[PDB]
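Here is the structure we will look at, set down as structure tokens.
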Amino acid sequence: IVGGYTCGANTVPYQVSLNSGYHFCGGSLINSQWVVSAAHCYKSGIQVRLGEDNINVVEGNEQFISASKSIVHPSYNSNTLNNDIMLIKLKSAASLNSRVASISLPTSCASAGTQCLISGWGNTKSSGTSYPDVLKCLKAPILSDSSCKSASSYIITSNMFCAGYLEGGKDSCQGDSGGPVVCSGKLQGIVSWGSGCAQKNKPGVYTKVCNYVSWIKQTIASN
Ligand SMILES: COC(=O)[C@H](Cc1cccc(C(=N)N)c1)NC(=O)CNS(=O)(=O)c1ccc(C)cc1
Ligand SMILES: [Ca+2]
């Protein structure tokens, strides 16, 4: 997260860290047995880390659970990143509490202008490299497709939406991928991609979760 602020220990209870010997992507807890993340974050040997704040110090509220199954979206395209979403099932159900909670799936999509909360342990520098150990937060609005495409020349599909500030300075970044974009209490986005970080006229691109609720619900019911 570039230009954000220290969230505060466990203030984003649904945020998870995907670990394969080190943190490599974020994710969202949607229930006691399932996590949603980005398809390009797929890797084998994933261990889900819940209740985290400082990812380098055991603080006492963490729950480390291995993934028993990973399901990348059937139409995921790594070339354009269309349908960049994936579900991960935990080997054992997580214990829900004040510091480990699930986030609700959307009933309908969100309109441009809506404010959202984006969080992650990604790079905090715009022109350099610096990774935080504590979770960083960032409030940003949903931009209209027209203003996004016009300003960035990005090739965006109906399964993506842009969020951020065209003036740059604030944006998600490397290491934040797979993380949540929560607006009005619902999980509306998954950090997907972008061009550099916090660049002028280059806002972040997110997976439009409202378009996948049926697939998500169906997949968890049958798995
Ligand atoms: C540009 O260089 C990168 O390393 C970015 C970082 C990044 C990741 C997530 C969000 C942001 C952001 N600014 N909000 C930035 N990664 C990527 O963007 C993802 N991998 S990528 O750079 O390989 C890529 C990008 C776009 C397509 C169609 C295909 C592949
Ligand atoms: Ca920790």
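Residue numbering restarts at 1 in every chain; chains get A, B, ... in the order shown in the structure tokens, and ligands count up from 1 in that same order.
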
- Query: What residues have any atom no more than 8 Å from ligand 2 when counting only C-alpha atoms and all ligand atoms, and can you list them as a VMD selection string?
  - Reply: chain A and resid 51 to 62

Selection file, N, CA and C atoms, as a PDB file, in the first residue's frame:
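Final output, saved to result_15.pdb:
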ATOM      1  N   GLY A  51      -5.572 -13.600  11.544  1.00  0.00           N
ATOM      2  CA  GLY A  51      -5.368 -12.839  12.769  1.00  0.00           C
ATOM      3  C   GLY A  51      -4.043 -12.111  12.855  1.00  0.00           C
ATOM      4  N   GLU A  52      -3.459 -11.846  11.696  1.00  0.00           N
ATOM      5  CA  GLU A  52      -2.160 -11.197  11.601  1.00  0.00           C
ATOM      6  C   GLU A  52      -2.140  -9.676  11.562  1.00  0.00           C
ATOM      7  N   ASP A  53      -1.046  -9.114  12.071  1.00  0.00           N
ATOM      8  CA  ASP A  53      -0.793  -7.683  12.015  1.00  0.00           C
ATOM      9  C   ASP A  53       0.677  -7.589  11.608  1.00  0.00           C
ATOM     10  N   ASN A  54       1.593  -7.803  12.550  1.00  0.00           N
ATOM     11  CA  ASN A  54       3.009  -7.784  12.199  1.00  0.00           C
ATOM     12  C   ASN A  54       3.301  -9.208  11.748  1.00  0.00           C
ATOM     13  N   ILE A  55       3.554  -9.400  10.460  1.00  0.00           N
ATOM     14  CA  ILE A  55       3.800 -10.738   9.947  1.00  0.00           C
ATOM     15  C   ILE A  55       5.151 -11.372  10.307  1.00  0.00           C
ATOM     16  N   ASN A  56       5.970 -10.677  11.095  1.00  0.00           N
ATOM     17  CA  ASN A  56       7.272 -11.221  11.486  1.00  0.00           C
ATOM     18  C   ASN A  56       7.399 -11.507  12.971  1.00  0.00           C
ATOM     19  N   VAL A  57       6.336 -11.242  13.717  1.00  0.00           N
ATOM     20  CA  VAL A  57       6.362 -11.466  15.158  1.00  0.00           C
ATOM     21  C   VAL A  57       5.097 -12.171  15.615  1.00  0.00           C
ATOM     22  N   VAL A  58       5.237 -13.266  16.348  1.00  0.00           N
ATOM     23  CA  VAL A  58       4.069 -13.976  16.855  1.00  0.00           C
ATOM     24  C   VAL A  58       3.504 -13.118  17.985  1.00  0.00           C
ATOM     25  N   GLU A  59       2.358 -12.495  17.733  1.00  0.00           N
ATOM     26  CA  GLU A  59       1.743 -11.616  18.714  1.00  0.00           C
ATOM     27  C   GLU A  59       0.675 -12.276  19.582  1.00  0.00           C
ATOM     28  N   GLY A  60       0.187 -13.446  19.172  1.00  0.00           N
ATOM     29  CA  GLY A  60      -0.794 -14.143  19.985  1.00  0.00           C
ATOM     30  C   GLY A  60      -2.192 -14.366  19.450  1.00  0.00           C
ATOM     31  N   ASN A  61      -2.576 -13.659  18.396  1.00  0.00           N
ATOM     32  CA  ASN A  61      -3.919 -13.831  17.845  1.00  0.00           C
ATOM     33  C   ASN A  61      -3.924 -14.496  16.480  1.00  0.00           C
ATOM     34  N   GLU A  62      -2.791 -15.072  16.100  1.00  0.00           N
ATOM     35  CA  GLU A  62      -2.687 -15.721  14.803  1.00  0.00           C
ATOM     36  C   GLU A  62      -3.219 -17.151  14.788  1.00  0.00           C
TER      37      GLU A  62
END

Sorted per-residue table, range 17-118 of chain A near range 181-190 of chain A, closest atoms and distance, 7 Å, only C-alpha atoms, as CSV:
residue,atom,partner,partner_atom,distance
A:37,CA,A:190,CA,6.6
A:38,CA,A:190,CA,6.5
A:103,CA,A:187,CA,6.4
A:104,CA,A:186,CA,5.1
A:105,CA,A:187,CA,5.3
A:106,CA,A:186,CA,5.3
A:114,CA,A:183,CA,7.0
A:115,CA,A:183,CA,6.0
A:116,CA,A:183,CA,4.2
A:117,CA,A:182,CA,5.1
A:118,CA,A:181,CA,4.7

- Show which residues sit within 10 Å of residue 47 in chain A, as an MDAnalysis selection string. Count only C-alpha atoms, and ignore same-chain residues fewer than 6 positions away. chainID A and resid 17:23 64:68 90:91

- Query: Which chains and residue numbers are within 9 Å of ligand 1, counting only C-alpha atoms and all ligand atoms, if I want them as a PyMOL selection string?
  - Reply: chain A and resi 1-2+40+78-82+122-123+154-156+162-164+170-178+191-199+202-206

- Considering only C-alpha atoms, return as a list in words whatever protein or nucleic-acid residues lie within 7 Å of residue 89 in chain A, sequence-local ones (same chain, fewer than 4 positions apart) excluded.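 So, after excluding close chain neighbours, the residues are residues 33, 34, 35, 67, 68, 69 and 70 of chain A.
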
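Between CA of residue 93 in chain A and CA of residue 31 in chain A the interatomic distance comes to 8.6 Å.
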
- Task: Give the answer as one residue: which of A:152, A:222, A:119, A:107 has the shortest atom-to-atom distance to residue 6 in chain A, using only C-alpha atoms?
- Result: A:119

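With distances restricted to only C-alpha atoms, A:208 is the closest residue to residue 110 in chain A from A:73, A:149, A:208, A:217.
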
- Shortest interatomic distance to residue 86 in chain A - which of A:16, A:221, A:36, A:216, counting only C-alpha atoms: A:36

- Task: Could you check which of A:201, A:215, A:9, A:131 is closest to residue 75 in chain A, using only C-alpha atoms?
- Result: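 With only C-alpha atoms as the atom set, the closest residue is A:215.
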
- Every residue of chain A that DSSP places in alpha helix (DSSP H), as a PyMOL selection string: chain A and resi 145-152+213-221

Pull N, CA and C atoms from the residues just selected and write them as a CSV table (one decimal), in the first residue's frame.
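Wrote it out as again.csv, contents follow:
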chain,number,residue,atom,x,y,z
A,145,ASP,N,-15.6,3.6,-15.2
A,145,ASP,CA,-14.8,2.9,-16.3
A,145,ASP,C,-14.3,3.9,-17.3
A,146,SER,N,-15.2,4.8,-17.7
A,146,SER,CA,-14.8,5.8,-18.7
A,146,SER,C,-13.6,6.7,-18.3
A,147,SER,N,-13.6,7.2,-17.1
A,147,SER,CA,-12.5,8.0,-16.7
A,147,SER,C,-11.3,7.2,-16.5
A,148,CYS,N,-11.4,5.9,-16.1
A,148,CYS,CA,-10.2,5.1,-15.9
A,148,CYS,C,-9.6,4.8,-17.3
A,149,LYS,N,-10.3,4.3,-18.2
A,149,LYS,CA,-9.8,3.9,-19.5
A,149,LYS,C,-9.3,5.2,-20.3
A,150,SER,N,-10.0,6.3,-20.1
A,150,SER,CA,-9.5,7.5,-20.8
A,150,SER,C,-8.2,8.0,-20.3
A,151,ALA,N,-8.0,7.9,-19.0
A,151,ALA,CA,-6.8,8.4,-18.4
A,151,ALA,C,-5.6,7.5,-18.5
A,152,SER,N,-5.8,6.1,-18.4
A,152,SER,CA,-4.8,5.2,-18.4
A,152,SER,C,-4.5,4.4,-19.7
A,213,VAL,N,-20.3,-13.9,-7.4
A,213,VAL,CA,-21.0,-14.5,-6.3
A,213,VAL,C,-21.7,-15.8,-6.5
A,214,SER,N,-22.3,-16.0,-7.6
A,214,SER,CA,-23.0,-17.2,-8.0
A,214,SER,C,-22.0,-18.4,-8.0
A,215,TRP,N,-20.9,-18.1,-8.7
A,215,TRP,CA,-19.8,-19.1,-8.9
A,215,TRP,C,-19.2,-19.5,-7.5
A,216,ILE,N,-19.0,-18.5,-6.7
A,216,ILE,CA,-18.4,-18.6,-5.4
A,216,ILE,C,-19.4,-19.5,-4.5
A,217,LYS,N,-20.7,-19.1,-4.4
A,217,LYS,CA,-21.6,-19.8,-3.6
A,217,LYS,C,-21.8,-21.2,-4.1
A,218,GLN,N,-21.9,-21.4,-5.4
A,218,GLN,CA,-22.0,-22.8,-5.9
A,218,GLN,C,-20.8,-23.6,-5.6
A,219,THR,N,-19.6,-23.1,-5.8
A,219,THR,CA,-18.4,-23.8,-5.6
A,219,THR,C,-18.2,-24.2,-4.1
A,220,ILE,N,-18.6,-23.4,-3.2
A,220,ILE,CA,-18.4,-23.7,-1.8
A,220,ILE,C,-19.5,-24.7,-1.3
A,221,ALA,N,-20.6,-24.7,-1.9
A,221,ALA,CA,-21.7,-25.6,-1.6
A,221,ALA,C,-21.3,-27.1,-2.0
